[PDB]
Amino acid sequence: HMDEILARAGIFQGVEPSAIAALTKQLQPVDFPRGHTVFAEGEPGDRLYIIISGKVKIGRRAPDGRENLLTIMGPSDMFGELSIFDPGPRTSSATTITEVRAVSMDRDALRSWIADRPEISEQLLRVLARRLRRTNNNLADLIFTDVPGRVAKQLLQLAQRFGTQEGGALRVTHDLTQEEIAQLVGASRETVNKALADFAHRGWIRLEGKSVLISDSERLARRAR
């Protein structure tokens, strides 16, 4: 049902899924509207959430007031755990793109599950490990890849994660306004659209509201390169 998702939460991953099943239960869920601010920077938190449905964007804002988005999280993705490992104010903020079902847990609860099963620590370090990896890849493309090739690279990220295969090519219902993709890519609203214009101009992809159909993933991949 929904332990189907949590099973793929990293932290469980492996770990006596018979355990997982009993544990979910202590855990109780929370529901959020589209656009709810789960938490914001500066505000202190000792609570981490695993997403069950919907999508959450992580972000930051400079004092000038411009935001960028770190990442898009979706089912089975867990977030807001840095202030669980390094206690302190949130460094970012979590808002909703959709209706979200999320399970929530605090720090004192976590150390319990970690105390009972070591292997979870193994797997958290693996998540963080992978996670920083993913982030260095980005900090790199900010430096090298141009706004176009980046938009192209993003579409791939999203497609893979949130993708589905319908007919002969895959579907991506990103649920992002282009404004969001822009700040998820570090660029201006407009200059990304044009990247997309051309992207669709070559018949590489089809734009359909908050989603996209992608015809030539080979060409798109090639271009982001």
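A residue's number is simply how far along the shown sequence it sits, counting from 1.
Should the higher mean CA B-factor in the entry be assigned to 145 to 153 or to 130 to 138? So the stretch with the higher mean C-alpha B-factor is 145 to 153.
Between 90 to 98 and 74 to 82 (mean CA B-factor, as deposited), the higher: Per the PDB entry, the higher value belongs to 90 to 98.
Determine which member of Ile181, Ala197, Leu48, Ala169 has the highest CA B-factor, using the values in the deposited entry. Top of the list by C-alpha B-factor: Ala169.
Criterion, highest CA B-factor; candidates, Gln165, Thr177, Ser188, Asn68: If I rank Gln165, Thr177, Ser188, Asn68 by C-alpha B-factor, first place goes to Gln165.
Lowest, middle or highest third of the chain for the C-alpha temperature factor of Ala40? Lowest third.
Using only modelled residues of the chain, where does the Cα B factor of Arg107 rank: lowest third, middle third or highest third? For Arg107, whose C-alpha B-factor we compare with every modelled residue in the chain, the answer is the middle third.
Name the third of the chain's ranked CA B-factors that contains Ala62, choosing lowest, middle or highest. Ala62: CA B-factor falls in the highest third of its chain.
Position of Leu27 among the chain's modelled residues by C-alpha B-factor, lowest, middle or highest third: Its C-alpha B-factor belongs to the highest third of this chain's values.
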